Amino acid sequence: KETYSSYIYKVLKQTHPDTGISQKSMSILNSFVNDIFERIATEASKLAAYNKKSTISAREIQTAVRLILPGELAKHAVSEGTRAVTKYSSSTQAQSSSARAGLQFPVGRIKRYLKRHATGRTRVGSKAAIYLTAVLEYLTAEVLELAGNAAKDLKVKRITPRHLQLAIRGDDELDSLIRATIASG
């Protein structure tokens, strides 16, 4: 269980610059990132084993994302992961992998965490981590955009867990994803 608060905050500022977020809301988003990560890492690793691979590559992350994410979320996320990997390889001057990939979330840490889920002699590809990092950032961004929107609609300045609730429960796919994810624990 890790901390993504700083990064989550950076994503919030890209989409709702003048909207704040409470510590209680941040705690829940941190749980969101961790829980989703675990579900995707767990599936990807299994997928590598069944396809007889010794490395969890972006192909597997993609397959997992498609099994775990509903409908439109899966396709947009796939678009995001793919785009990040492409950027990452296209632009090599930047010092940070997150920066090369155009991400706010931490690619390096996500690679490290991804390792714990790789059981055997199985390896984690750099691209697998970039793809995963992009997906988590994207999901987090969707929740934040919707929660920020709910706060604005209610004429308030800060995102609370109630706004997170309205955003998630009011969106069929996110609701489905979260309920399924909860069932997973």
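Each residue number is its position in the shown sequence, starting from 1.
- Between 170-178 and 5-13, it is 170-178 that carries the larger average Cα temperature factor according to the deposited entry.
- For the pair 151-159 and 57-65, the record assigns the higher mean C-alpha temperature factor to 57-65.
- Among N34, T133, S27, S45, the highest C-alpha B-factor in the deposited entry belongs to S45.
- Split the chain's modelled residues into thirds by C-alpha temperature factor. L139 is in the lowest one.
- Among the modelled residues of its chain, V124 has a C-alpha B-factor that falls in the highest third according to the deposited record.
- In the PDB entry, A41 places in the middle third of its chain by CA B-factor.
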